[PDB]
$ cat entry09.cif   # mmCIF, C-alpha atoms and all ligand atoms; chains and numbers go by the auth columns
data_model
#
loop_
_atom_site.group_PDB
_atom_site.id
_atom_site.type_symbol
_atom_site.label_atom_id
_atom_site.label_comp_id
_atom_site.label_asym_id
_atom_site.label_seq_id
_atom_site.Cartn_x
_atom_site.Cartn_y
_atom_site.Cartn_z
_atom_site.B_iso_or_equiv
_atom_site.auth_seq_id
_atom_site.auth_asym_id
ATOM 1 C CA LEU A 1 -1.993 -20.996 8.284 0.00 1 A
ATOM 2 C CA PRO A 2 -5.487 -19.642 7.437 0.00 2 A
ATOM 3 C CA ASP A 3 -6.281 -20.533 3.802 0.00 3 A
ATOM 4 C CA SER A 4 -7.730 -17.038 3.271 0.00 4 A
ATOM 5 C CA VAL A 5 -7.796 -13.681 5.115 0.00 5 A
ATOM 6 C CA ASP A 6 -9.403 -10.294 4.531 0.00 6 A
ATOM 7 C CA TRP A 7 -8.446 -7.359 6.752 0.00 7 A
ATOM 8 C CA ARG A 8 -11.633 -5.466 5.813 0.00 8 A
ATOM 9 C CA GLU A 9 -13.662 -8.031 7.782 0.00 9 A
ATOM 10 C CA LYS A 10 -11.455 -7.187 10.801 0.00 10 A
ATOM 11 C CA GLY A 11 -12.279 -3.430 10.524 0.00 11 A
ATOM 12 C CA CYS A 12 -8.720 -2.455 9.545 0.00 12 A
ATOM 13 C CA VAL A 13 -9.174 -0.891 6.072 0.00 13 A
ATOM 14 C CA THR A 14 -10.363 2.619 5.151 0.00 14 A
ATOM 15 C CA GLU A 15 -12.398 3.817 2.171 0.00 15 A
ATOM 16 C CA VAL A 16 -10.652 3.451 -1.212 0.00 16 A
ATOM 17 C CA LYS A 17 -8.971 6.711 -2.225 0.00 17 A
ATOM 18 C CA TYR A 18 -8.497 8.431 -5.586 0.00 18 A
ATOM 19 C CA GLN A 19 -4.890 9.532 -6.297 0.00 19 A
ATOM 20 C CA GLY A 20 -5.750 11.104 -9.684 0.00 20 A
ATOM 21 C CA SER A 21 -3.046 12.525 -11.969 0.00 21 A
ATOM 22 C CA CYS A 22 -0.592 12.550 -9.035 0.00 22 A
ATOM 23 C CA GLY A 23 1.605 9.405 -8.840 0.00 23 A
ATOM 24 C CA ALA A 24 1.422 9.088 -5.044 0.00 24 A
ATOM 25 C CA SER A 25 0.550 5.378 -4.863 0.00 25 A
ATOM 26 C CA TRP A 26 3.513 4.932 -2.518 0.00 26 A
ATOM 27 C CA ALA A 27 1.977 7.423 -0.048 0.00 27 A
ATOM 28 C CA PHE A 28 -1.491 5.827 -0.240 0.00 28 A
ATOM 29 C CA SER A 29 -0.027 2.347 0.224 0.00 29 A
ATOM 30 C CA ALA A 30 2.059 3.513 3.177 0.00 30 A
ATOM 31 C CA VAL A 31 -0.789 5.291 5.036 0.00 31 A
ATOM 32 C CA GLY A 32 -3.014 2.238 4.399 0.00 32 A
ATOM 33 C CA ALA A 33 -0.527 -0.078 6.109 0.00 33 A
ATOM 34 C CA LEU A 34 -0.163 2.277 9.079 0.00 34 A
ATOM 35 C CA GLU A 35 -3.961 2.864 9.258 0.00 35 A
ATOM 36 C CA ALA A 36 -4.440 -0.834 9.952 0.00 36 A
ATOM 37 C CA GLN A 37 -1.730 -0.831 12.624 0.00 37 A
ATOM 38 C CA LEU A 38 -3.470 2.177 14.183 0.00 38 A
ATOM 39 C CA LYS A 39 -6.763 0.260 14.503 0.00 39 A
ATOM 40 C CA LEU A 40 -5.051 -2.863 15.883 0.00 40 A
ATOM 41 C CA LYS A 41 -3.539 -0.895 18.816 0.00 41 A
ATOM 42 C CA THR A 42 -5.950 2.052 19.293 0.00 42 A
ATOM 43 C CA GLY A 43 -9.342 0.738 18.122 0.00 43 A
ATOM 44 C CA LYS A 44 -9.659 3.810 15.847 0.00 44 A
ATOM 45 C CA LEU A 45 -9.870 3.514 12.074 0.00 45 A
ATOM 46 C CA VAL A 46 -8.925 6.895 10.600 0.00 46 A
ATOM 47 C CA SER A 47 -7.697 7.676 7.093 0.00 47 A
ATOM 48 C CA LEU A 48 -4.144 9.029 7.381 0.00 48 A
ATOM 49 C CA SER A 49 -2.687 11.848 5.307 0.00 49 A
ATOM 50 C CA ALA A 50 -1.225 10.720 1.989 0.00 50 A
ATOM 51 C CA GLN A 51 -0.652 14.418 1.225 0.00 51 A
ATOM 52 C CA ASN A 52 1.455 14.804 4.409 0.00 52 A
ATOM 53 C CA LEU A 53 3.785 12.176 2.885 0.00 53 A
ATOM 54 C CA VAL A 54 3.707 13.680 -0.629 0.00 54 A
ATOM 55 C CA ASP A 55 4.601 17.109 0.805 0.00 55 A
ATOM 56 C CA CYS A 56 7.073 16.233 3.610 0.00 56 A
ATOM 57 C CA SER A 57 8.703 12.835 2.853 0.00 57 A
ATOM 58 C CA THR A 58 10.634 14.326 -0.075 0.00 58 A
ATOM 59 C CA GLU A 59 14.322 14.710 -1.134 0.00 59 A
ATOM 60 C CA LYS A 60 15.833 13.227 2.101 0.00 60 A
ATOM 61 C CA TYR A 61 13.790 10.012 1.595 0.00 61 A
ATOM 62 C CA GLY A 62 14.323 9.545 -2.159 0.00 62 A
ATOM 63 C CA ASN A 63 10.719 10.442 -2.934 0.00 63 A
ATOM 64 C CA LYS A 64 9.492 12.805 -5.670 0.00 64 A
ATOM 65 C CA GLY A 65 5.918 13.331 -4.420 0.00 65 A
ATOM 66 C CA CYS A 66 3.590 13.089 -7.457 0.00 66 A
ATOM 67 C CA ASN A 67 6.371 11.502 -9.559 0.00 67 A
ATOM 68 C CA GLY A 68 6.653 8.480 -7.248 0.00 68 A
ATOM 69 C CA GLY A 69 8.305 7.241 -4.097 0.00 69 A
ATOM 70 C CA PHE A 70 8.934 4.422 -1.650 0.00 70 A
ATOM 71 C CA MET A 71 6.716 3.128 1.158 0.00 71 A
ATOM 72 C CA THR A 72 9.818 2.043 3.148 0.00 72 A
ATOM 73 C CA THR A 73 11.171 5.612 3.386 0.00 73 A
ATOM 74 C CA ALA A 74 7.664 6.978 3.925 0.00 74 A
ATOM 75 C CA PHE A 75 7.654 4.885 7.115 0.00 75 A
ATOM 76 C CA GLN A 76 11.043 6.364 8.017 0.00 76 A
ATOM 77 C CA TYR A 77 9.612 9.878 7.622 0.00 77 A
ATOM 78 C CA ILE A 78 6.766 9.082 10.074 0.00 78 A
ATOM 79 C CA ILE A 79 9.335 7.672 12.545 0.00 79 A
ATOM 80 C CA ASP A 80 11.727 10.650 12.085 0.00 80 A
ATOM 81 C CA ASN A 81 8.926 13.224 11.959 0.00 81 A
ATOM 82 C CA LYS A 82 7.535 11.600 15.173 0.00 82 A
ATOM 83 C CA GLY A 83 4.029 11.259 13.726 0.00 83 A
ATOM 84 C CA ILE A 84 1.766 11.891 10.725 0.00 84 A
ATOM 85 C CA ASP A 85 -1.475 13.910 10.401 0.00 85 A
ATOM 86 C CA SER A 86 -4.993 12.655 9.649 0.00 86 A
ATOM 87 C CA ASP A 87 -6.348 12.888 6.108 0.00 87 A
ATOM 88 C CA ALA A 88 -9.172 14.972 7.638 0.00 88 A
ATOM 89 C CA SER A 89 -6.750 17.671 8.860 0.00 89 A
ATOM 90 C CA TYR A 90 -4.312 17.524 5.896 0.00 90 A
ATOM 91 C CA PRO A 91 -6.385 16.333 2.949 0.00 91 A
ATOM 92 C CA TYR A 92 -5.347 15.093 -0.452 0.00 92 A
ATOM 93 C CA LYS A 93 -4.984 17.610 -3.301 0.00 93 A
ATOM 94 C CA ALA A 94 -3.226 15.561 -6.051 0.00 94 A
ATOM 95 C CA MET A 95 -0.219 17.898 -6.391 0.00 95 A
ATOM 96 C CA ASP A 96 3.095 18.788 -4.724 0.00 96 A
ATOM 97 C CA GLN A 97 2.700 21.415 -1.946 0.00 97 A
ATOM 98 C CA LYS A 98 4.974 22.858 0.759 0.00 98 A
ATOM 99 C CA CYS A 99 5.242 20.655 3.850 0.00 99 A
ATOM 100 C CA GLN A 100 2.338 21.805 6.044 0.00 100 A
ATOM 101 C CA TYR A 101 2.688 19.167 8.813 0.00 101 A
ATOM 102 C CA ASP A 102 1.189 20.242 12.147 0.00 102 A
ATOM 103 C CA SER A 103 1.887 18.229 15.330 0.00 103 A
ATOM 104 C CA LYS A 104 -1.520 19.288 16.705 0.00 104 A
ATOM 105 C CA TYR A 105 -3.408 17.133 14.161 0.00 105 A
ATOM 106 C CA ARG A 106 -1.179 14.055 14.563 0.00 106 A
ATOM 107 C CA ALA A 107 -3.481 10.990 14.404 0.00 107 A
ATOM 108 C CA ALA A 108 -0.830 8.225 14.378 0.00 108 A
ATOM 109 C CA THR A 109 2.806 7.392 14.981 0.00 109 A
ATOM 110 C CA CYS A 110 5.381 4.852 13.741 0.00 110 A
ATOM 111 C CA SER A 111 8.157 3.064 15.673 0.00 111 A
ATOM 112 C CA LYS A 112 9.759 0.862 13.002 0.00 112 A
ATOM 113 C CA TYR A 113 9.085 -1.047 9.770 0.00 113 A
ATOM 114 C CA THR A 114 10.050 -4.389 8.250 0.00 114 A
ATOM 115 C CA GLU A 115 11.197 -5.172 4.690 0.00 115 A
ATOM 116 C CA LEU A 116 10.319 -8.735 3.616 0.00 116 A
ATOM 117 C CA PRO A 117 12.658 -11.000 1.601 0.00 117 A
ATOM 118 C CA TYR A 118 12.588 -10.541 -2.185 0.00 118 A
ATOM 119 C CA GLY A 119 9.946 -12.522 -4.127 0.00 119 A
ATOM 120 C CA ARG A 120 8.981 -14.686 -1.148 0.00 120 A
ATOM 121 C CA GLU A 121 5.243 -15.165 -1.493 0.00 121 A
ATOM 122 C CA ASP A 122 5.318 -17.592 1.503 0.00 122 A
ATOM 123 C CA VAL A 123 6.751 -14.988 3.917 0.00 123 A
ATOM 124 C CA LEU A 124 4.304 -12.405 2.533 0.00 124 A
ATOM 125 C CA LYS A 125 1.450 -14.811 3.349 0.00 125 A
ATOM 126 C CA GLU A 126 2.735 -15.077 6.971 0.00 126 A
ATOM 127 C CA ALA A 127 2.909 -11.294 7.435 0.00 127 A
ATOM 128 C CA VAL A 128 -0.467 -10.632 5.813 0.00 128 A
ATOM 129 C CA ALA A 129 -2.046 -13.217 8.133 0.00 129 A
ATOM 130 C CA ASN A 130 -0.141 -12.554 11.394 0.00 130 A
ATOM 131 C CA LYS A 131 1.033 -8.886 11.256 0.00 131 A
ATOM 132 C CA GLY A 132 -1.485 -7.103 9.010 0.00 132 A
ATOM 133 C CA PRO A 133 -1.766 -5.351 5.631 0.00 133 A
ATOM 134 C CA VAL A 134 1.580 -5.163 3.808 0.00 134 A
ATOM 135 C CA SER A 135 2.522 -2.286 1.506 0.00 135 A
ATOM 136 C CA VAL A 136 3.793 -3.740 -1.786 0.00 136 A
ATOM 137 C CA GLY A 137 4.894 -2.593 -5.215 0.00 137 A
ATOM 138 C CA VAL A 138 3.533 -4.005 -8.471 0.00 138 A
ATOM 139 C CA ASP A 139 4.108 -3.753 -12.208 0.00 139 A
ATOM 140 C CA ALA A 140 0.998 -1.809 -13.242 0.00 140 A
ATOM 141 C CA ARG A 141 2.330 -0.543 -16.631 0.00 141 A
ATOM 142 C CA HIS A 142 0.087 -2.784 -18.736 0.00 142 A
ATOM 143 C CA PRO A 143 -3.422 -1.875 -20.029 0.00 143 A
ATOM 144 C CA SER A 144 -4.931 -5.138 -18.738 0.00 144 A
ATOM 145 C CA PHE A 145 -4.239 -3.722 -15.241 0.00 145 A
ATOM 146 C CA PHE A 146 -5.845 -0.335 -15.991 0.00 146 A
ATOM 147 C CA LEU A 147 -8.885 -2.170 -17.382 0.00 147 A
ATOM 148 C CA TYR A 148 -9.210 -4.877 -14.678 0.00 148 A
ATOM 149 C CA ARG A 149 -12.848 -5.541 -13.686 0.00 149 A
ATOM 150 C CA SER A 150 -12.976 -8.820 -11.698 0.00 150 A
ATOM 151 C CA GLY A 151 -11.558 -12.244 -10.867 0.00 151 A
ATOM 152 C CA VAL A 152 -7.899 -13.191 -10.536 0.00 152 A
ATOM 153 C CA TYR A 153 -5.637 -10.893 -12.594 0.00 153 A
ATOM 154 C CA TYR A 154 -2.924 -12.600 -14.640 0.00 154 A
ATOM 155 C CA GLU A 155 -0.933 -10.643 -17.224 0.00 155 A
ATOM 156 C CA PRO A 156 1.612 -12.754 -19.230 0.00 156 A
ATOM 157 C CA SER A 157 3.785 -9.695 -20.163 0.00 157 A
ATOM 158 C CA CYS A 158 4.054 -8.625 -16.470 0.00 158 A
ATOM 159 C CA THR A 159 7.613 -8.134 -15.211 0.00 159 A
ATOM 160 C CA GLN A 160 8.954 -8.137 -11.638 0.00 160 A
ATOM 161 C CA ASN A 161 10.021 -4.454 -12.048 0.00 161 A
ATOM 162 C CA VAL A 162 7.529 -2.559 -9.799 0.00 162 A
ATOM 163 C CA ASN A 163 6.222 1.008 -10.387 0.00 163 A
ATOM 164 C CA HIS A 164 2.994 1.307 -8.351 0.00 164 A
ATOM 165 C CA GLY A 165 2.291 1.292 -4.597 0.00 165 A
ATOM 166 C CA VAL A 166 -0.570 -0.927 -3.469 0.00 166 A
ATOM 167 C CA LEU A 167 -1.581 -2.586 -0.179 0.00 167 A
ATOM 168 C CA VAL A 168 -2.096 -6.353 0.297 0.00 168 A
ATOM 169 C CA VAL A 169 -5.058 -6.606 2.718 0.00 169 A
ATOM 170 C CA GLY A 170 -5.477 -10.411 2.435 0.00 170 A
ATOM 171 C CA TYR A 171 -5.399 -13.489 0.160 0.00 171 A
ATOM 172 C CA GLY A 172 -7.359 -16.626 -0.806 0.00 172 A
ATOM 173 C CA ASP A 173 -8.448 -18.511 -3.943 0.00 173 A
ATOM 174 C CA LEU A 174 -11.174 -18.590 -6.626 0.00 174 A
ATOM 175 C CA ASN A 175 -11.862 -21.735 -8.695 0.00 175 A
ATOM 176 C CA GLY A 176 -8.309 -22.933 -7.919 0.00 176 A
ATOM 177 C CA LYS A 177 -6.599 -19.647 -8.835 0.00 177 A
ATOM 178 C CA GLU A 178 -4.818 -18.412 -5.685 0.00 178 A
ATOM 179 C CA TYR A 179 -4.859 -14.596 -5.302 0.00 179 A
ATOM 180 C CA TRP A 180 -3.632 -11.654 -3.256 0.00 180 A
ATOM 181 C CA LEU A 181 -6.358 -9.215 -2.140 0.00 181 A
ATOM 182 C CA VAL A 182 -4.914 -5.862 -3.111 0.00 182 A
ATOM 183 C CA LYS A 183 -6.267 -2.417 -2.285 0.00 183 A
ATOM 184 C CA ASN A 184 -5.574 0.155 -5.045 0.00 184 A
ATOM 185 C CA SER A 185 -5.749 3.977 -4.887 0.00 185 A
ATOM 186 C CA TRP A 186 -7.565 4.500 -8.242 0.00 186 A
ATOM 187 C CA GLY A 187 -11.092 5.310 -6.993 0.00 187 A
ATOM 188 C CA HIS A 188 -14.115 3.052 -6.537 0.00 188 A
ATOM 189 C CA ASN A 189 -14.691 2.318 -10.258 0.00 189 A
ATOM 190 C CA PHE A 190 -11.425 0.321 -10.517 0.00 190 A
ATOM 191 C CA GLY A 191 -11.841 -3.443 -10.365 0.00 191 A
ATOM 192 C CA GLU A 192 -13.958 -4.770 -7.516 0.00 192 A
ATOM 193 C CA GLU A 193 -15.216 -1.662 -5.701 0.00 193 A
ATOM 194 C CA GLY A 194 -11.605 -0.322 -5.733 0.00 194 A
ATOM 195 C CA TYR A 195 -9.775 -3.642 -5.218 0.00 195 A
ATOM 196 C CA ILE A 196 -7.953 -6.149 -7.391 0.00 196 A
ATOM 197 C CA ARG A 197 -7.224 -9.831 -6.908 0.00 197 A
ATOM 198 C CA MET A 198 -3.829 -10.631 -8.423 0.00 198 A
ATOM 199 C CA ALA A 199 -2.217 -14.051 -9.004 0.00 199 A
ATOM 200 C CA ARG A 200 -0.566 -15.677 -5.962 0.00 200 A
ATOM 201 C CA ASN A 201 2.191 -18.318 -6.094 0.00 201 A
ATOM 202 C CA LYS A 202 2.887 -17.798 -9.852 0.00 202 A
ATOM 203 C CA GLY A 203 6.551 -16.826 -9.755 0.00 203 A
ATOM 204 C CA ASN A 204 6.132 -13.414 -8.047 0.00 204 A
ATOM 205 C CA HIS A 205 3.566 -12.264 -10.573 0.00 205 A
ATOM 206 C CA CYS A 206 3.908 -8.558 -11.486 0.00 206 A
ATOM 207 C CA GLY A 207 6.524 -8.198 -8.690 0.00 207 A
ATOM 208 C CA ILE A 208 3.951 -8.349 -5.880 0.00 208 A
ATOM 209 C CA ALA A 209 6.418 -9.895 -3.354 0.00 209 A
ATOM 210 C CA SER A 210 9.552 -8.067 -4.649 0.00 210 A
ATOM 211 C CA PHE A 211 9.495 -5.155 -2.156 0.00 211 A
ATOM 212 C CA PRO A 212 6.993 -5.749 0.668 0.00 212 A
ATOM 213 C CA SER A 213 7.067 -3.576 3.777 0.00 213 A
ATOM 214 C CA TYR A 214 4.881 -2.984 6.845 0.00 214 A
ATOM 215 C CA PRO A 215 5.174 -0.570 9.826 0.00 215 A
ATOM 216 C CA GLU A 216 4.691 -1.102 13.585 0.00 216 A
ATOM 217 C CA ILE A 217 3.685 1.137 16.527 0.00 217 A
HETATM 218 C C1 LIG B . 17.889 9.095 -1.955 0.00 301 A
HETATM 219 N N1 LIG B . 17.656 7.738 -1.464 0.00 301 A
HETATM 220 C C2 LIG B . 16.935 6.786 -2.146 0.00 301 A
HETATM 221 O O1 LIG B . 16.397 6.924 -3.226 0.00 301 A
HETATM 222 N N2 LIG B . 16.947 5.643 -1.358 0.00 301 A
HETATM 223 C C3 LIG B . 16.212 4.361 -1.836 0.00 301 A
HETATM 224 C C4 LIG B . 15.058 3.903 -0.854 0.00 301 A
HETATM 225 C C5 LIG B . 15.392 2.623 -0.090 0.00 301 A
HETATM 226 N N3 LIG B . 15.944 1.611 -0.958 0.00 301 A
HETATM 227 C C6 LIG B . 15.024 1.102 -2.002 0.00 301 A
HETATM 228 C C7 LIG B . 15.449 -0.265 -2.514 0.00 301 A
HETATM 229 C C8 LIG B . 14.298 -1.247 -2.656 0.00 301 A
HETATM 230 N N4 LIG B . 13.533 -1.046 -3.924 0.00 301 A
HETATM 231 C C9 LIG B . 14.122 -1.290 -5.131 0.00 301 A
HETATM 232 C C10 LIG B . 13.420 -1.102 -6.275 0.00 301 A
HETATM 233 N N5 LIG B . 12.104 -0.663 -6.313 0.00 301 A
HETATM 234 C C11 LIG B . 11.507 -0.420 -5.115 0.00 301 A
HETATM 235 C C12 LIG B . 10.111 0.056 -5.165 0.00 301 A
HETATM 236 C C13 LIG B . 9.177 -0.350 -4.216 0.00 301 A
HETATM 237 C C14 LIG B . 7.878 0.113 -4.272 0.00 301 A
HETATM 238 C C15 LIG B . 7.504 0.988 -5.275 0.00 301 A
HETATM 239 CL CL1 LIG B . 5.863 1.531 -5.294 0.00 301 A
HETATM 240 C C16 LIG B . 8.409 1.427 -6.251 0.00 301 A
HETATM 241 C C17 LIG B . 8.009 2.386 -7.348 0.00 301 A
HETATM 242 N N6 LIG B . 8.631 3.678 -7.137 0.00 301 A
HETATM 243 C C18 LIG B . 9.157 4.402 -8.133 0.00 301 A
HETATM 244 O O2 LIG B . 9.146 4.023 -9.301 0.00 301 A
HETATM 245 C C19 LIG B . 9.776 5.713 -7.766 0.00 301 A
HETATM 246 C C20 LIG B . 9.742 6.795 -8.644 0.00 301 A
HETATM 247 C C21 LIG B . 10.324 8.006 -8.297 0.00 301 A
HETATM 248 C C22 LIG B . 10.931 8.105 -7.075 0.00 301 A
HETATM 249 F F1 LIG B . 11.503 9.286 -6.724 0.00 301 A
HETATM 250 C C23 LIG B . 10.992 7.071 -6.187 0.00 301 A
HETATM 251 C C24 LIG B . 10.412 5.871 -6.535 0.00 301 A
HETATM 252 C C25 LIG B . 9.716 0.947 -6.171 0.00 301 A
HETATM 253 C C26 LIG B . 12.226 -0.606 -3.844 0.00 301 A
HETATM 254 O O3 LIG B . 11.712 -0.389 -2.754 0.00 301 A
HETATM 255 C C27 LIG B . 17.257 2.048 -1.427 0.00 301 A
HETATM 256 C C28 LIG B . 17.163 3.257 -2.366 0.00 301 A
HETATM 257 C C29 LIG B . 17.685 5.913 -0.184 0.00 301 A
HETATM 258 C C30 LIG B . 18.003 5.132 0.920 0.00 301 A
HETATM 259 C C31 LIG B . 18.771 5.727 1.923 0.00 301 A
HETATM 260 CL CL2 LIG B . 19.198 4.792 3.328 0.00 301 A
HETATM 261 C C32 LIG B . 19.207 7.041 1.839 0.00 301 A
HETATM 262 C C33 LIG B . 18.882 7.805 0.732 0.00 301 A
HETATM 263 C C34 LIG B . 18.119 7.228 -0.274 0.00 301 A
#

$ encode --input "entry09.cif" --output "structure tokens"
Amino acid sequence: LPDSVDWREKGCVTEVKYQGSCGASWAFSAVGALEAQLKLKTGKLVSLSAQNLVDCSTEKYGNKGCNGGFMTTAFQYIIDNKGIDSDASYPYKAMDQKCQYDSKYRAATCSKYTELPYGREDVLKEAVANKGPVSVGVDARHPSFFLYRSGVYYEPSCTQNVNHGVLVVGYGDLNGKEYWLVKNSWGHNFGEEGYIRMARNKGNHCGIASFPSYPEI
């Protein structure tokens, strides 16, 4: 119903992270979604451990750490593992390590997650507004994406085949162009202080609504 939302205004989004040469966008996207659900229930915003997911949500979950993974099965790990550590106590090192999870430094838990219907930008809008930040995949193969500085991103050669985990933390519009407000994990010098606004309601642009998921506590 609201024409625009931004979950940063509601205190539900952490500092933008830097994944580096490790392709752990899936882990960053997943912890970002859970982070927001943590704040909604607990009142505490704390950066959760992407590295905990890279290291422990591995072969059983169809994830290859720094060679990519799924947010959906990352949520399953946190359910199965009965918690995830804080980034503070299990920080990010941009490589594949042995699983060093420690129940002592558990900062959050996960009960279930929800996978939204394929390519449905309307349902995604509902969830973003009413549930919270949604982990999504995008097609970020194209140099335009790498280079993005500002405004609403539209790449004509963008497919709906997704390779990169991001987190939709809102939506809105700019000069008529409707956008999704997407948190990336490529440091602060990417786009708009770490964020990118990508085309909304333009035939599932770059696959943004192809595989949306969010967790719950
Ligand atoms: C070993 N086993 C496994 O594999 N499953 C998959 C995970 C859950 N569903 C995924 C289908 C939905 N679906 C389809 C296509 N694309 C994405 C997708 C979404 C977000 C992102 Cl960011 C990406 C990008 N990721 C990668 O490119 C990548 C690269 C390397 C890698 F190792 C993993 C992923 C893709 C996506 O979610 C089915 C296959 C298992 C499921 C079970 Cl019950 C038991 C064992 C499993």

$ residues_near_ligand --input "entry09.cif" --ligand "ligand LIG 301 (chain A)" --cutoff "7 Å" --atoms "all atoms listed in the file" --output "number ranges by chain"
A: 25-26, 59-64, 67-73, 136-138, 162-165, 211

$ residues_around --input "entry09.cif" --residues "residue 171 of chain A" --least-positions-apart "4" --cutoff "12 Å" --atoms "all atoms listed in the file" --output "ChimeraX atom specification"
/A:1-8,121-122,124-129,132-134,152,167,177-183,196-201

$ write_last_selection --input "entry09.cif" --atoms "C-alpha atoms" --output "PDB file, in the frame of the given file"
ATOM      1  CA  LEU A   1      -1.993 -20.996   8.284  1.00  0.00           C
ATOM      2  CA  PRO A   2      -5.487 -19.642   7.437  1.00  0.00           C
ATOM      3  CA  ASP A   3      -6.281 -20.533   3.802  1.00  0.00           C
ATOM      4  CA  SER A   4      -7.730 -17.038   3.271  1.00  0.00           C
ATOM      5  CA  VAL A   5      -7.796 -13.681   5.115  1.00  0.00           C
ATOM      6  CA  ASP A   6      -9.403 -10.294   4.531  1.00  0.00           C
ATOM      7  CA  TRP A   7      -8.446  -7.359   6.752  1.00  0.00           C
ATOM      8  CA  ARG A   8     -11.633  -5.466   5.813  1.00  0.00           C
ATOM      9  CA  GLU A 121       5.243 -15.165  -1.493  1.00  0.00           C
ATOM     10  CA  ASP A 122       5.318 -17.592   1.503  1.00  0.00           C
ATOM     11  CA  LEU A 124       4.304 -12.405   2.533  1.00  0.00           C
ATOM     12  CA  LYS A 125       1.450 -14.811   3.349  1.00  0.00           C
ATOM     13  CA  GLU A 126       2.735 -15.077   6.971  1.00  0.00           C
ATOM     14  CA  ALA A 127       2.909 -11.294   7.435  1.00  0.00           C
ATOM     15  CA  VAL A 128      -0.467 -10.632   5.813  1.00  0.00           C
ATOM     16  CA  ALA A 129      -2.046 -13.217   8.133  1.00  0.00           C
ATOM     17  CA  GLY A 132      -1.485  -7.103   9.010  1.00  0.00           C
ATOM     18  CA  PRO A 133      -1.766  -5.351   5.631  1.00  0.00           C
ATOM     19  CA  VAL A 134       1.580  -5.163   3.808  1.00  0.00           C
ATOM     20  CA  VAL A 152      -7.899 -13.191 -10.536  1.00  0.00           C
ATOM     21  CA  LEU A 167      -1.581  -2.586  -0.179  1.00  0.00           C
ATOM     22  CA  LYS A 177      -6.599 -19.647  -8.835  1.00  0.00           C
ATOM     23  CA  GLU A 178      -4.818 -18.412  -5.685  1.00  0.00           C
ATOM     24  CA  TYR A 179      -4.859 -14.596  -5.302  1.00  0.00           C
ATOM     25  CA  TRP A 180      -3.632 -11.654  -3.256  1.00  0.00           C
ATOM     26  CA  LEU A 181      -6.358  -9.215  -2.140  1.00  0.00           C
ATOM     27  CA  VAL A 182      -4.914  -5.862  -3.111  1.00  0.00           C
ATOM     28  CA  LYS A 183      -6.267  -2.417  -2.285  1.00  0.00           C
ATOM     29  CA  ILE A 196      -7.953  -6.149  -7.391  1.00  0.00           C
ATOM     30  CA  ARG A 197      -7.224  -9.831  -6.908  1.00  0.00           C
ATOM     31  CA  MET A 198      -3.829 -10.631  -8.423  1.00  0.00           C
ATOM     32  CA  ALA A 199      -2.217 -14.051  -9.004  1.00  0.00           C
ATOM     33  CA  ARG A 200      -0.566 -15.677  -5.962  1.00  0.00           C
ATOM     34  CA  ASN A 201       2.191 -18.318  -6.094  1.00  0.00           C
TER      35      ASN A 201
END

$ resolve_selection --input "entry09.cif" --expression "the PyMOL selection byres (((chain A and resi 216) around 9) and not hetatm)" --output "ChimeraX atom specification"
/A:34,37-38,109-114,131,214-215,217

$ resolve_selection --input "entry09.cif" --expression "the PyMOL selection byres (((chain A and resi 50) around 6) and not hetatm)" --output "list in words"
residues 27, 28, 49, 51, 52 and 53 of chain A

$ closest_residue --input "entry09.cif" --among "A:209, A:168, A:84, A:30" --to "residue 102 of chain A" --atoms "only C-alpha atoms"
A:84

$ atom_distance --input "entry09.cif" --atom1 "atom CA of residue 144 of chain A" --atom2 "atom CA of residue 31 of chain A"
26.3 Å

$ residues_around --input "entry09.cif" --residues "residue 36 of chain A" --least-positions-apart "3" --cutoff "8 Å" --atoms "all atoms listed in the file" --output "PyMOL selection string"
chain A and resi 12-13+32-33+39-40+45+132-133

$ closest_residue --input "entry09.cif" --among "A:90, A:20, A:79, A:107" --to "residue 46 of chain A" --atoms "all atoms listed in the file"
A:107

$ closest_residue --input "entry09.cif" --among "A:191, A:130, A:206, A:135" --to "residue 115 of chain A" --atoms "all atoms listed in the file"
A:135

$ atom_distance --input "entry09.cif" --atom1 "atom CA of residue 104 of chain A" --atom2 "atom CA of residue 166 of chain A"
28.6 Å

$ atom_distance --input "entry09.cif" --atom1 "atom CA of residue 95 of chain A" --atom2 "atom CA of residue 210 of chain A"
27.8 Å

$ residues_around --input "entry09.cif" --residues "residue 16 of chain A" --least-positions-apart "3" --cutoff "8 Å" --atoms "all atoms listed in the file" --output "NGL selection string"
:A and (183-188 or 194)

$ write_last_selection --input "entry09.cif" --atoms "C-alpha atoms" --output "PDB file, keeping the file's coordinate frame"
ATOM      1  CA  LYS A 183      -6.267  -2.417  -2.285  1.00  0.00           C
ATOM      2  CA  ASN A 184      -5.574   0.155  -5.045  1.00  0.00           C
ATOM      3  CA  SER A 185      -5.749   3.977  -4.887  1.00  0.00           C
ATOM      4  CA  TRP A 186      -7.565   4.500  -8.242  1.00  0.00           C
ATOM      5  CA  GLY A 187     -11.092   5.310  -6.993  1.00  0.00           C
ATOM      6  CA  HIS A 188     -14.115   3.052  -6.537  1.00  0.00           C
ATOM      7  CA  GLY A 194     -11.605  -0.322  -5.733  1.00  0.00           C
TER       8      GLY A 194
END
